[PDB]
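Coordinates as given in entry_25.pdb (PDB, C-alpha atoms):
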```pdb
ATOM      1  CA  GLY A   6       0.000   0.000   0.000  1.00  0.00           C
ATOM      2  CA  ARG A   7       2.767   2.428   0.935  1.00  0.00           C
ATOM      3  CA  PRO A   8       5.603   2.797  -1.612  1.00  0.00           C
ATOM      4  CA  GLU A   9       8.296   2.662   1.095  1.00  0.00           C
ATOM      5  CA  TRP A  10       7.547  -0.981   1.953  1.00  0.00           C
ATOM      6  CA  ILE A  11      10.651  -2.004  -0.014  1.00  0.00           C
ATOM      7  CA  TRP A  12      13.019   0.084   2.129  1.00  0.00           C
ATOM      8  CA  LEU A  13      11.349  -1.214   5.278  1.00  0.00           C
ATOM      9  CA  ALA A  14      12.065  -4.650   3.781  1.00  0.00           C
ATOM     10  CA  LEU A  15      15.733  -4.035   2.918  1.00  0.00           C
ATOM     11  CA  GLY A  16      16.516  -2.789   6.418  1.00  0.00           C
ATOM     12  CA  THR A  17      14.717  -5.763   7.957  1.00  0.00           C
ATOM     13  CA  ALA A  18      17.029  -8.127   6.072  1.00  0.00           C
ATOM     14  CA  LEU A  19      20.284  -6.318   6.840  1.00  0.00           C
ATOM     15  CA  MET A  20      19.354  -5.699  10.469  1.00  0.00           C
ATOM     16  CA  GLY A  21      18.213  -9.309  10.763  1.00  0.00           C
ATOM     17  CA  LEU A  22      21.303 -10.532   8.927  1.00  0.00           C
ATOM     18  CA  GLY A  23      23.622  -8.375  11.014  1.00  0.00           C
ATOM     19  CA  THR A  24      21.862  -9.654  14.127  1.00  0.00           C
ATOM     20  CA  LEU A  25      22.890 -13.249  13.494  1.00  0.00           C
ATOM     21  CA  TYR A  26      26.297 -12.259  12.118  1.00  0.00           C
ATOM     22  CA  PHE A  27      27.135 -10.499  15.377  1.00  0.00           C
ATOM     23  CA  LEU A  28      25.395 -13.304  17.252  1.00  0.00           C
ATOM     24  CA  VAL A  29      27.406 -15.880  15.290  1.00  0.00           C
ATOM     25  CA  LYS A  30      30.626 -13.888  15.535  1.00  0.00           C
ATOM     26  CA  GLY A  31      30.028 -13.724  19.304  1.00  0.00           C
ATOM     27  CA  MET A  32      29.964 -17.490  19.862  1.00  0.00           C
ATOM     28  CA  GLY A  33      33.016 -19.110  21.422  1.00  0.00           C
ATOM     29  CA  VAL A  34      34.495 -15.706  22.295  1.00  0.00           C
ATOM     30  CA  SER A  35      35.767 -15.990  25.868  1.00  0.00           C
ATOM     31  CA  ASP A  36      37.115 -12.504  26.602  1.00  0.00           C
ATOM     32  CA  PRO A  37      34.805 -10.908  29.217  1.00  0.00           C
ATOM     33  CA  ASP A  38      35.065  -7.411  27.716  1.00  0.00           C
ATOM     34  CA  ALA A  39      34.324  -8.795  24.251  1.00  0.00           C
ATOM     35  CA  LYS A  40      31.301 -10.695  25.582  1.00  0.00           C
ATOM     36  CA  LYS A  41      29.957  -7.356  26.809  1.00  0.00           C
ATOM     37  CA  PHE A  42      30.459  -5.674  23.425  1.00  0.00           C
ATOM     38  CA  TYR A  43      29.067  -8.595  21.411  1.00  0.00           C
ATOM     39  CA  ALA A  44      25.914  -8.748  23.543  1.00  0.00           C
ATOM     40  CA  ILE A  45      25.334  -4.987  23.321  1.00  0.00           C
ATOM     41  CA  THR A  46      26.254  -4.738  19.645  1.00  0.00           C
ATOM     42  CA  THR A  47      24.153  -7.762  18.699  1.00  0.00           C
ATOM     43  CA  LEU A  48      21.032  -6.614  20.536  1.00  0.00           C
ATOM     44  CA  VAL A  49      20.865  -3.266  18.707  1.00  0.00           C
ATOM     45  CA  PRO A  50      20.212  -4.619  15.187  1.00  0.00           C
ATOM     46  CA  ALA A  51      17.884  -7.178  16.754  1.00  0.00           C
ATOM     47  CA  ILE A  52      15.846  -4.364  18.313  1.00  0.00           C
ATOM     48  CA  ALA A  53      15.765  -2.465  15.026  1.00  0.00           C
ATOM     49  CA  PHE A  54      14.935  -5.621  13.066  1.00  0.00           C
ATOM     50  CA  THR A  55      11.821  -6.132  15.197  1.00  0.00           C
ATOM     51  CA  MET A  56      10.522  -2.622  14.520  1.00  0.00           C
ATOM     52  CA  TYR A  57      11.514  -2.634  10.856  1.00  0.00           C
ATOM     53  CA  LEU A  58       9.570  -5.892  10.615  1.00  0.00           C
ATOM     54  CA  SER A  59       6.426  -4.493  12.255  1.00  0.00           C
ATOM     55  CA  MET A  60       6.399  -1.373  10.074  1.00  0.00           C
ATOM     56  CA  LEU A  61       6.746  -3.563   6.979  1.00  0.00           C
ATOM     57  CA  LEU A  62       3.600  -5.447   8.056  1.00  0.00           C
ATOM     58  CA  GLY A  63       1.692  -2.192   8.595  1.00  0.00           C
ATOM     59  CA  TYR A  64       2.299  -1.666  12.314  1.00  0.00           C
ATOM     60  CA  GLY A  65       3.449   1.464  14.116  1.00  0.00           C
ATOM     61  CA  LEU A  66       2.128   3.998  11.586  1.00  0.00           C
ATOM     62  CA  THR A  67      -0.338   6.792  12.379  1.00  0.00           C
ATOM     63  CA  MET A  68      -1.812   9.826  10.628  1.00  0.00           C
ATOM     64  CA  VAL A  69      -1.045  12.993  12.597  1.00  0.00           C
ATOM     65  CA  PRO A  70      -3.210  15.993  11.542  1.00  0.00           C
ATOM     66  CA  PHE A  71      -1.163  19.162  11.074  1.00  0.00           C
ATOM     67  CA  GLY A  72      -0.353  21.707   8.393  1.00  0.00           C
ATOM     68  CA  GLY A  73      -3.768  21.262   6.807  1.00  0.00           C
ATOM     69  CA  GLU A  74      -2.804  17.727   5.740  1.00  0.00           C
ATOM     70  CA  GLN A  75      -3.065  14.267   7.263  1.00  0.00           C
ATOM     71  CA  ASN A  76       0.643  13.596   7.634  1.00  0.00           C
ATOM     72  CA  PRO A  77       1.676   9.916   7.935  1.00  0.00           C
ATOM     73  CA  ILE A  78       3.961   9.459  10.936  1.00  0.00           C
ATOM     74  CA  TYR A  79       5.968   6.283  11.592  1.00  0.00           C
ATOM     75  CA  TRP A  80       6.077   6.310  15.393  1.00  0.00           C
ATOM     76  CA  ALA A  81       7.615   2.815  15.610  1.00  0.00           C
ATOM     77  CA  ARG A  82      11.097   4.264  14.982  1.00  0.00           C
ATOM     78  CA  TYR A  83      11.095   5.794  18.471  1.00  0.00           C
ATOM     79  CA  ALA A  84      10.514   2.519  20.304  1.00  0.00           C
ATOM     80  CA  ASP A  85      13.521   1.290  18.288  1.00  0.00           C
ATOM     81  CA  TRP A  86      15.866   4.233  18.838  1.00  0.00           C
ATOM     82  CA  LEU A  87      14.936   4.459  22.521  1.00  0.00           C
ATOM     83  CA  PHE A  88      16.873   1.239  23.250  1.00  0.00           C
ATOM     84  CA  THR A  89      19.292   0.955  20.320  1.00  0.00           C
ATOM     85  CA  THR A  90      20.912   4.366  20.763  1.00  0.00           C
ATOM     86  CA  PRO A  91      21.633   4.066  24.521  1.00  0.00           C
ATOM     87  CA  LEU A  92      23.318   0.749  23.781  1.00  0.00           C
ATOM     88  CA  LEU A  93      25.449   2.455  21.130  1.00  0.00           C
ATOM     89  CA  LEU A  94      26.383   5.018  23.786  1.00  0.00           C
ATOM     90  CA  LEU A  95      27.117   2.287  26.333  1.00  0.00           C
ATOM     91  CA  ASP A  96      29.295   0.565  23.723  1.00  0.00           C
ATOM     92  CA  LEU A  97      31.472   3.676  23.471  1.00  0.00           C
ATOM     93  CA  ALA A  98      31.267   4.126  27.244  1.00  0.00           C
ATOM     94  CA  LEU A  99      32.668   0.655  27.923  1.00  0.00           C
ATOM     95  CA  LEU A 100      35.104   1.143  25.032  1.00  0.00           C
ATOM     96  CA  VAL A 101      36.738   4.229  26.574  1.00  0.00           C
ATOM     97  CA  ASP A 102      36.175   3.047  30.167  1.00  0.00           C
ATOM     98  CA  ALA A 103      34.264   6.182  31.139  1.00  0.00           C
ATOM     99  CA  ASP A 104      33.116   6.600  34.707  1.00  0.00           C
ATOM    100  CA  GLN A 105      29.449   6.215  35.592  1.00  0.00           C
ATOM    101  CA  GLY A 106      28.927   9.973  35.890  1.00  0.00           C
ATOM    102  CA  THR A 107      29.388  10.532  32.163  1.00  0.00           C
ATOM    103  CA  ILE A 108      27.171   7.558  31.279  1.00  0.00           C
ATOM    104  CA  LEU A 109      24.192   8.668  33.359  1.00  0.00           C
ATOM    105  CA  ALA A 110      24.356  12.030  31.587  1.00  0.00           C
ATOM    106  CA  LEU A 111      24.603  10.403  28.157  1.00  0.00           C
ATOM    107  CA  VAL A 112      21.764   7.978  28.910  1.00  0.00           C
ATOM    108  CA  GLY A 113      19.686  10.799  30.360  1.00  0.00           C
ATOM    109  CA  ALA A 114      20.298  13.007  27.330  1.00  0.00           C
ATOM    110  CA  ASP A 115      19.379  10.191  24.936  1.00  0.00           C
ATOM    111  CA  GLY A 116      16.064   9.594  26.697  1.00  0.00           C
ATOM    112  CA  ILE A 117      15.167  13.275  26.430  1.00  0.00           C
ATOM    113  CA  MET A 118      16.419  13.331  22.835  1.00  0.00           C
ATOM    114  CA  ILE A 119      14.264  10.395  21.700  1.00  0.00           C
ATOM    115  CA  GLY A 120      11.499  11.157  24.199  1.00  0.00           C
ATOM    116  CA  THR A 121      10.751  14.672  22.968  1.00  0.00           C
ATOM    117  CA  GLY A 122      11.266  13.547  19.375  1.00  0.00           C
ATOM    118  CA  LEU A 123       8.230  11.272  19.552  1.00  0.00           C
ATOM    119  CA  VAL A 124       5.999  13.987  21.040  1.00  0.00           C
ATOM    120  CA  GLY A 125       6.949  16.348  18.225  1.00  0.00           C
ATOM    121  CA  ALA A 126       6.252  13.655  15.650  1.00  0.00           C
ATOM    122  CA  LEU A 127       2.770  13.345  17.201  1.00  0.00           C
ATOM    123  CA  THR A 128       1.935  16.895  18.311  1.00  0.00           C
ATOM    124  CA  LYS A 129      -1.103  18.232  16.464  1.00  0.00           C
ATOM    125  CA  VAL A 130      -0.121  21.912  16.687  1.00  0.00           C
ATOM    126  CA  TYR A 131       2.258  22.485  13.789  1.00  0.00           C
ATOM    127  CA  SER A 132       4.501  25.098  15.396  1.00  0.00           C
ATOM    128  CA  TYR A 133       5.176  23.045  18.523  1.00  0.00           C
ATOM    129  CA  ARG A 134       6.220  20.167  16.259  1.00  0.00           C
ATOM    130  CA  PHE A 135       9.409  22.131  15.603  1.00  0.00           C
ATOM    131  CA  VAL A 136       9.722  23.356  19.202  1.00  0.00           C
ATOM    132  CA  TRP A 137      10.156  19.764  20.370  1.00  0.00           C
ATOM    133  CA  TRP A 138      12.579  19.143  17.501  1.00  0.00           C
ATOM    134  CA  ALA A 139      14.849  21.882  18.855  1.00  0.00           C
ATOM    135  CA  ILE A 140      14.948  20.426  22.375  1.00  0.00           C
ATOM    136  CA  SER A 141      15.842  17.012  20.967  1.00  0.00           C
ATOM    137  CA  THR A 142      18.550  18.471  18.732  1.00  0.00           C
ATOM    138  CA  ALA A 143      19.841  20.404  21.735  1.00  0.00           C
ATOM    139  CA  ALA A 144      20.003  17.079  23.570  1.00  0.00           C
ATOM    140  CA  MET A 145      21.769  15.398  20.644  1.00  0.00           C
ATOM    141  CA  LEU A 146      24.350  18.181  20.443  1.00  0.00           C
ATOM    142  CA  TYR A 147      25.143  17.730  24.128  1.00  0.00           C
ATOM    143  CA  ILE A 148      25.757  14.021  23.463  1.00  0.00           C
ATOM    144  CA  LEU A 149      28.046  14.650  20.495  1.00  0.00           C
ATOM    145  CA  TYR A 150      29.916  17.261  22.536  1.00  0.00           C
ATOM    146  CA  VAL A 151      30.603  14.704  25.275  1.00  0.00           C
ATOM    147  CA  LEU A 152      31.651  12.089  22.725  1.00  0.00           C
ATOM    148  CA  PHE A 153      33.797  14.451  20.652  1.00  0.00           C
ATOM    149  CA  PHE A 154      35.468  16.420  23.465  1.00  0.00           C
ATOM    150  CA  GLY A 155      35.121  14.254  26.573  1.00  0.00           C
ATOM    151  CA  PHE A 156      35.477  10.686  25.304  1.00  0.00           C
ATOM    152  CA  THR A 157      38.307  11.456  22.863  1.00  0.00           C
ATOM    153  CA  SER A 158      40.680  12.679  25.577  1.00  0.00           C
ATOM    154  CA  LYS A 159      40.006   9.456  27.485  1.00  0.00           C
ATOM    155  CA  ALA A 160      40.647   7.297  24.413  1.00  0.00           C
ATOM    156  CA  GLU A 161      44.190   8.669  24.112  1.00  0.00           C
ATOM    157  CA  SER A 162      45.192   7.692  27.650  1.00  0.00           C
ATOM    158  CA  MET A 163      44.131   4.161  26.684  1.00  0.00           C
ATOM    159  CA  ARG A 164      46.223   1.879  24.494  1.00  0.00           C
ATOM    160  CA  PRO A 165      46.563   2.754  20.789  1.00  0.00           C
ATOM    161  CA  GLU A 166      44.110   0.095  19.578  1.00  0.00           C
ATOM    162  CA  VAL A 167      41.337   1.655  21.670  1.00  0.00           C
ATOM    163  CA  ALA A 168      42.037   5.176  20.410  1.00  0.00           C
ATOM    164  CA  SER A 169      42.106   4.200  16.729  1.00  0.00           C
ATOM    165  CA  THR A 170      38.832   2.252  16.844  1.00  0.00           C
ATOM    166  CA  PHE A 171      36.985   4.864  18.898  1.00  0.00           C
ATOM    167  CA  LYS A 172      37.871   7.661  16.476  1.00  0.00           C
ATOM    168  CA  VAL A 173      36.198   5.715  13.655  1.00  0.00           C
ATOM    169  CA  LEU A 174      33.070   5.027  15.707  1.00  0.00           C
ATOM    170  CA  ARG A 175      33.048   8.655  16.824  1.00  0.00           C
ATOM    171  CA  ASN A 176      33.238   9.971  13.257  1.00  0.00           C
ATOM    172  CA  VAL A 177      30.599   7.463  12.133  1.00  0.00           C
ATOM    173  CA  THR A 178      28.318   8.388  15.031  1.00  0.00           C
ATOM    174  CA  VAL A 179      28.865  12.138  14.604  1.00  0.00           C
ATOM    175  CA  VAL A 180      28.254  11.965  10.850  1.00  0.00           C
ATOM    176  CA  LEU A 181      25.198   9.725  10.976  1.00  0.00           C
ATOM    177  CA  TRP A 182      23.497  11.051  14.108  1.00  0.00           C
ATOM    178  CA  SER A 183      23.824  14.631  12.850  1.00  0.00           C
ATOM    179  CA  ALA A 184      21.846  13.597   9.761  1.00  0.00           C
ATOM    180  CA  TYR A 185      18.841  12.397  11.789  1.00  0.00           C
ATOM    181  CA  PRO A 186      17.468  15.798  12.954  1.00  0.00           C
ATOM    182  CA  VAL A 187      17.651  17.325   9.461  1.00  0.00           C
ATOM    183  CA  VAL A 188      15.733  14.542   7.698  1.00  0.00           C
ATOM    184  CA  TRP A 189      13.068  14.805  10.400  1.00  0.00           C
ATOM    185  CA  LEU A 190      12.913  18.561   9.811  1.00  0.00           C
ATOM    186  CA  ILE A 191      12.291  18.485   6.055  1.00  0.00           C
ATOM    187  CA  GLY A 192      10.353  15.199   5.951  1.00  0.00           C
ATOM    188  CA  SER A 193       6.782  14.243   6.736  1.00  0.00           C
ATOM    189  CA  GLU A 194       7.440  15.040  10.399  1.00  0.00           C
ATOM    190  CA  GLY A 195       7.879  18.769   9.768  1.00  0.00           C
ATOM    191  CA  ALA A 196       8.170  20.707   6.525  1.00  0.00           C
ATOM    192  CA  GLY A 197       6.804  18.083   4.162  1.00  0.00           C
ATOM    193  CA  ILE A 198       9.154  18.828   1.270  1.00  0.00           C
ATOM    194  CA  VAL A 199      10.570  15.285   1.049  1.00  0.00           C
ATOM    195  CA  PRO A 200       7.843  12.656   0.490  1.00  0.00           C
ATOM    196  CA  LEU A 201       7.526   9.880   3.045  1.00  0.00           C
ATOM    197  CA  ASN A 202       8.919   7.292   0.613  1.00  0.00           C
ATOM    198  CA  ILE A 203      12.261   9.112   0.393  1.00  0.00           C
ATOM    199  CA  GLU A 204      12.400   9.827   4.130  1.00  0.00           C
ATOM    200  CA  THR A 205      12.258   6.071   4.754  1.00  0.00           C
ATOM    201  CA  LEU A 206      15.177   5.382   2.406  1.00  0.00           C
ATOM    202  CA  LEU A 207      17.426   7.911   4.145  1.00  0.00           C
ATOM    203  CA  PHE A 208      16.601   6.606   7.633  1.00  0.00           C
ATOM    204  CA  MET A 209      17.451   3.055   6.531  1.00  0.00           C
ATOM    205  CA  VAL A 210      20.879   3.880   5.099  1.00  0.00           C
ATOM    206  CA  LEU A 211      21.658   5.621   8.386  1.00  0.00           C
ATOM    207  CA  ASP A 212      20.198   2.981  10.716  1.00  0.00           C
ATOM    208  CA  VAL A 213      21.968   0.189   8.836  1.00  0.00           C
ATOM    209  CA  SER A 214      25.209   2.165   8.829  1.00  0.00           C
ATOM    210  CA  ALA A 215      24.638   3.288  12.426  1.00  0.00           C
ATOM    211  CA  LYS A 216      24.111  -0.271  13.588  1.00  0.00           C
ATOM    212  CA  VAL A 217      25.274  -2.884  11.173  1.00  0.00           C
ATOM    213  CA  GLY A 218      28.087  -0.789   9.736  1.00  0.00           C
ATOM    214  CA  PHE A 219      28.793   0.704  13.151  1.00  0.00           C
ATOM    215  CA  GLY A 220      28.634  -2.727  14.750  1.00  0.00           C
ATOM    216  CA  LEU A 221      30.716  -4.258  11.967  1.00  0.00           C
ATOM    217  CA  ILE A 222      33.508  -1.720  12.515  1.00  0.00           C
ATOM    218  CA  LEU A 223      33.459  -2.304  16.274  1.00  0.00           C
ATOM    219  CA  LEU A 224      33.390  -6.106  16.328  1.00  0.00           C
ATOM    220  CA  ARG A 225      36.057  -6.447  13.631  1.00  0.00           C
ATOM    221  CA  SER A 226      38.419  -4.557  15.962  1.00  0.00           C
ATOM    222  CA  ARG A 227      40.877  -5.861  18.549  1.00  0.00           C
ATOM    223  CA  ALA A 228      40.062  -3.062  21.022  1.00  0.00           C
ATOM    224  CA  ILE A 229      37.058  -4.858  22.533  1.00  0.00           C
ATOM    225  CA  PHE A 230      39.549  -7.389  23.952  1.00  0.00           C
ATOM    226  CA  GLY A 231      41.054  -6.478  27.315  1.00  0.00           C
TER     227      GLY A 231
END
```

I'd like the structure from this file rewritten - as structure tokens, please.
Amino acid sequence: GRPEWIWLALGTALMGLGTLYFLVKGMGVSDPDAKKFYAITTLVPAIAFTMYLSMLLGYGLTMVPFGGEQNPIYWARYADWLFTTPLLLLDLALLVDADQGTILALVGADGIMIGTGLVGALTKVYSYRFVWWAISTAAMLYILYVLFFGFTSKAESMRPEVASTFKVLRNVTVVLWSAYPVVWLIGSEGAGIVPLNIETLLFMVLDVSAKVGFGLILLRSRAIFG
């Protein structure tokens, strides 16, 4: 019925395929630190797979009325990102051995980031749709600031393998996460200049890269081993 069913279907496969690949790659691995990373990394694409699968079958999609139009809103993405993104943050947290104080702030910021994002995607007053977007973006920027400025300094005190792998995951996270608030802004959630079918394609390339590709880079590395 909806033309974006194919992109919902391509993500499902890759996220499902990456789920087992990480799950398979995680078998027999004895290192305790690695077991932590494999479990976290493997659960993320599994969480996304489940929501990509439900959307493909016509679940988690509502029609929010704003801007004079009935705008189709995929609210299932927020149940996905609510758990996948904090695990991506915890992955970096364990990677750089950050103290609990930083983590609570990162996890708190992510909840507000994804929390407000869903309200804006469902608010019926148009203007406030963008108000909530700003708060979320403000939250995201705080996260990227901690990762870019805080975490990096810690990664250098570590051994070289940890620093080299974190920089790649930092640049991948910074690049991909920064793209999420813009697509939301111009897409069906806000402006309505990019049709919903295209919005879906851009979120998939990011999610896959921000999970499968992100996970792939992490679990192919020797830094997860203590």

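If you look at CA of residue 148 in chain A and CA of residue 45 in chain A, they are 19.0 Å away from each other.
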
Can you give me, as a CSV table (one decimal) with C-alpha atoms, keeping the file's coordinate frame, the residues this file yields under the PyMOL selection byres ((chain A and resi 186) around 12)?
```
chain,number,residue,atom,x,y,z
A,118,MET,CA,16.4,13.3,22.8
A,119,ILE,CA,14.3,10.4,21.7
A,122,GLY,CA,11.3,13.5,19.4
A,125,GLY,CA,6.9,16.3,18.2
A,126,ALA,CA,6.3,13.7,15.6
A,135,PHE,CA,9.4,22.1,15.6
A,137,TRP,CA,10.2,19.8,20.4
A,138,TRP,CA,12.6,19.1,17.5
A,139,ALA,CA,14.8,21.9,18.9
A,140,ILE,CA,14.9,20.4,22.4
A,141,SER,CA,15.8,17.0,21.0
A,142,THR,CA,18.6,18.5,18.7
A,143,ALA,CA,19.8,20.4,21.7
A,144,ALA,CA,20.0,17.1,23.6
A,145,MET,CA,21.8,15.4,20.6
A,146,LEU,CA,24.4,18.2,20.4
A,180,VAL,CA,28.3,12.0,10.8
A,181,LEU,CA,25.2,9.7,11.0
A,182,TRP,CA,23.5,11.1,14.1
A,183,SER,CA,23.8,14.6,12.8
A,184,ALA,CA,21.8,13.6,9.8
A,185,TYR,CA,18.8,12.4,11.8
A,187,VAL,CA,17.7,17.3,9.5
A,188,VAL,CA,15.7,14.5,7.7
A,189,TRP,CA,13.1,14.8,10.4
A,190,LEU,CA,12.9,18.6,9.8
A,191,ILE,CA,12.3,18.5,6.1
A,192,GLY,CA,10.4,15.2,6.0
A,194,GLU,CA,7.4,15.0,10.4
A,195,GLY,CA,7.9,18.8,9.8
A,204,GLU,CA,12.4,9.8,4.1
A,207,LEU,CA,17.4,7.9,4.1
A,208,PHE,CA,16.6,6.6,7.6
A,211,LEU,CA,21.7,5.6,8.4
```

d(CA of residue 216 in chain A, CA of residue 50 in chain A) in Å =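 Computed distance, CA of residue 216 in chain A to CA of residue 50 in chain A, equals 6.1 Å.
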
task = Go ahead and compute the interatomic distance for CA of residue 49 in chain A and CA of residue 23 in chain A, in Å to one decimal.
result = 9.6 Å

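With all atoms listed in the file as the atoms that count, the minimum distance from residue 88 in chain A to the choices A:128, A:46, A:170, A:202 is reached by A:46.
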
Hey, what comes out of the PyMOL selection byres ((chain A and resi 25-28) around 8) on this file? Could you write it as a compact mmCIF listing (two decimals) with C-alpha atoms, in the coordinates of the input?
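Below is the file that was written, expr14.txt:
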```txt
# COMPACT_ATOMS: atom_id res chain seq x y z
CA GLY A 21 18.21 -9.31 10.76
CA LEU A 22 21.30 -10.53 8.93
CA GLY A 23 23.62 -8.38 11.01
CA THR A 24 21.86 -9.65 14.13
CA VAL A 29 27.41 -15.88 15.29
CA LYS A 30 30.63 -13.89 15.54
CA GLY A 31 30.03 -13.72 19.30
CA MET A 32 29.96 -17.49 19.86
CA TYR A 43 29.07 -8.60 21.41
CA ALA A 44 25.91 -8.75 23.54
CA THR A 46 26.25 -4.74 19.64
CA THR A 47 24.15 -7.76 18.70
CA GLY A 220 28.63 -2.73 14.75
CA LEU A 221 30.72 -4.26 11.97
CA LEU A 224 33.39 -6.11 16.33
```

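For residue 41 in chain A, the set of protein, DNA and RNA residues having any atom at most 12 Å away, when counting only C-alpha atoms and skipping those fewer than 6 positions along the same chain, is residues 31, 34, 35, 47, 48, 92, 95, 96, 97, 98, 99, 100, 224, 229, 230 and 231 of chain A.
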
Preceding selection exported with C-alpha atoms as a short mmCIF file (atom, residue, chain, number, x, y, z; two decimals), in the coordinates of the input:
```cif
data_model
loop_
_atom_site.label_atom_id
_atom_site.label_comp_id
_atom_site.auth_asym_id
_atom_site.auth_seq_id
_atom_site.Cartn_x
_atom_site.Cartn_y
_atom_site.Cartn_z
CA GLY A 31 30.03 -13.72 19.30
CA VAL A 34 34.49 -15.71 22.30
CA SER A 35 35.77 -15.99 25.87
CA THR A 47 24.15 -7.76 18.70
CA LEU A 48 21.03 -6.61 20.54
CA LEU A 92 23.32 0.75 23.78
CA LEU A 95 27.12 2.29 26.33
CA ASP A 96 29.30 0.56 23.72
CA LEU A 97 31.47 3.68 23.47
CA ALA A 98 31.27 4.13 27.24
CA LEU A 99 32.67 0.66 27.92
CA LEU A 100 35.10 1.14 25.03
CA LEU A 224 33.39 -6.11 16.33
CA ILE A 229 37.06 -4.86 22.53
CA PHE A 230 39.55 -7.39 23.95
CA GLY A 231 41.05 -6.48 27.32
#
```

Selection: 7 Å around residue 129 in chain A, all atoms listed in the file, excl. self and same-chain fewer than 2 positions, as a PyMOL selection string = chain A and resi 69-71+127+131

request  = Apply the PyMOL selection byres ((chain A and resi 159-161) around 10) to the displayed file and report the matching residues as a list in words.
outcome  =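 In the shown coordinates, the PyMOL selection byres ((chain A and resi 159-161) around 10) covers residues 97, 100, 101, 102, 103, 152, 154, 155, 156, 157, 158, 162, 163, 164, 165, 166, 167, 168, 169, 170, 171 and 172 of chain A.
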
Just-selected residues, C-alpha atoms written as an mmCIF file, in the coordinates of the input:
```
data_model
loop_
_atom_site.group_PDB
_atom_site.id
_atom_site.type_symbol
_atom_site.label_atom_id
_atom_site.label_comp_id
_atom_site.auth_asym_id
_atom_site.auth_seq_id
_atom_site.Cartn_x
_atom_site.Cartn_y
_atom_site.Cartn_z
ATOM 1 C CA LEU A 97 31.472 3.676 23.471
ATOM 2 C CA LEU A 100 35.104 1.143 25.032
ATOM 3 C CA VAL A 101 36.738 4.229 26.574
ATOM 4 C CA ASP A 102 36.175 3.047 30.167
ATOM 5 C CA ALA A 103 34.264 6.182 31.139
ATOM 6 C CA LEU A 152 31.651 12.089 22.725
ATOM 7 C CA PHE A 154 35.468 16.420 23.465
ATOM 8 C CA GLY A 155 35.121 14.254 26.573
ATOM 9 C CA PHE A 156 35.477 10.686 25.304
ATOM 10 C CA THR A 157 38.307 11.456 22.863
ATOM 11 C CA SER A 158 40.680 12.679 25.577
ATOM 12 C CA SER A 162 45.192 7.692 27.650
ATOM 13 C CA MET A 163 44.131 4.161 26.684
ATOM 14 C CA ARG A 164 46.223 1.879 24.494
ATOM 15 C CA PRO A 165 46.563 2.754 20.789
ATOM 16 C CA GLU A 166 44.110 0.095 19.578
ATOM 17 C CA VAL A 167 41.337 1.655 21.670
ATOM 18 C CA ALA A 168 42.037 5.176 20.410
ATOM 19 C CA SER A 169 42.106 4.200 16.729
ATOM 20 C CA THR A 170 38.832 2.252 16.844
ATOM 21 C CA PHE A 171 36.985 4.864 18.898
ATOM 22 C CA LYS A 172 37.871 7.661 16.476
#
```

Residue among A:218, A:37, A:200, A:106 lying closest to residue 19 in chain A, counting only C-alpha atoms =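 Answer, going by the shortest atom-to-atom distance: A:218.
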
key: Residue with smallest distance to residue 193 in chain A - pool A:12, A:42, A:54, A:79, counting only C-alpha atoms   = A:79

message = Between A:197, A:113, A:6, A:120, which residue has the minimum interatomic distance to residue 62 in chain A, considering only C-alpha atoms?
response =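 Selected residue with least distance to residue 62 in chain A: A:6.
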
ask   = Got a sec: who's within 10 Å of residue 82 in chain A, counting only C-alpha atoms, leaving out chain neighbours fewer than 4 positions off, as a ChimeraX atom specification?
value = /A:53,56-57,60,65-66,78,86-87,119,123,208

Edge lengths and centre, in Å to one decimal, as AutoDock Vina command-line options: that's what I need for the box along x, y and z that holds all listed atoms of range 78-89 of chain A plus 3 Å on each side.
```
--center_x 11.6 --center_y 5.2 --center_z 17.1 --size_x 21.3 --size_y 14.5 --size_z 18.3
```

task = Can you work out which one of A:205, A:132, A:214, A:178 has the shortest atom-to-atom distance to residue 93 in chain A, counting all atoms listed in the file?
result =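 Selected residue with least distance to residue 93 in chain A: A:178.
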
Please, could N, CA and C atoms be added to range 75-82 of chain A and the result written as a PDB file, keeping the file's coordinate frame?
```pdb
ATOM      1  N   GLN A  75      -3.158  15.441   6.403  1.00  0.00           N
ATOM      2  CA  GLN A  75      -3.065  14.267   7.263  1.00  0.00           C
ATOM      3  C   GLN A  75      -1.686  13.685   6.993  1.00  0.00           C
ATOM      4  N   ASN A  76      -0.749  13.926   7.901  1.00  0.00           N
ATOM      5  CA  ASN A  76       0.643  13.596   7.634  1.00  0.00           C
ATOM      6  C   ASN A  76       0.963  12.231   8.222  1.00  0.00           C
ATOM      7  N   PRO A  77       1.391  11.262   7.413  1.00  0.00           N
ATOM      8  CA  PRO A  77       1.676   9.916   7.935  1.00  0.00           C
ATOM      9  C   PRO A  77       2.961   9.897   8.747  1.00  0.00           C
ATOM     10  N   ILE A  78       2.851   9.447   9.994  1.00  0.00           N
ATOM     11  CA  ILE A  78       3.961   9.459  10.936  1.00  0.00           C
ATOM     12  C   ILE A  78       4.255   8.023  11.348  1.00  0.00           C
ATOM     13  N   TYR A  79       5.503   7.598  11.153  1.00  0.00           N
ATOM     14  CA  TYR A  79       5.968   6.283  11.592  1.00  0.00           C
ATOM     15  C   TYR A  79       6.508   6.438  13.007  1.00  0.00           C
ATOM     16  N   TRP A  80       5.656   6.190  14.003  1.00  0.00           N
ATOM     17  CA  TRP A  80       6.077   6.310  15.393  1.00  0.00           C
ATOM     18  C   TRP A  80       6.841   5.094  15.906  1.00  0.00           C
ATOM     19  N   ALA A  81       6.889   3.996  15.150  1.00  0.00           N
ATOM     20  CA  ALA A  81       7.615   2.815  15.610  1.00  0.00           C
ATOM     21  C   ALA A  81       9.116   3.067  15.724  1.00  0.00           C
ATOM     22  N   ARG A  82       9.663   3.985  14.922  1.00  0.00           N
ATOM     23  CA  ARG A  82      11.097   4.264  14.982  1.00  0.00           C
ATOM     24  C   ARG A  82      11.554   4.662  16.380  1.00  0.00           C
TER      25      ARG A  82
END
```
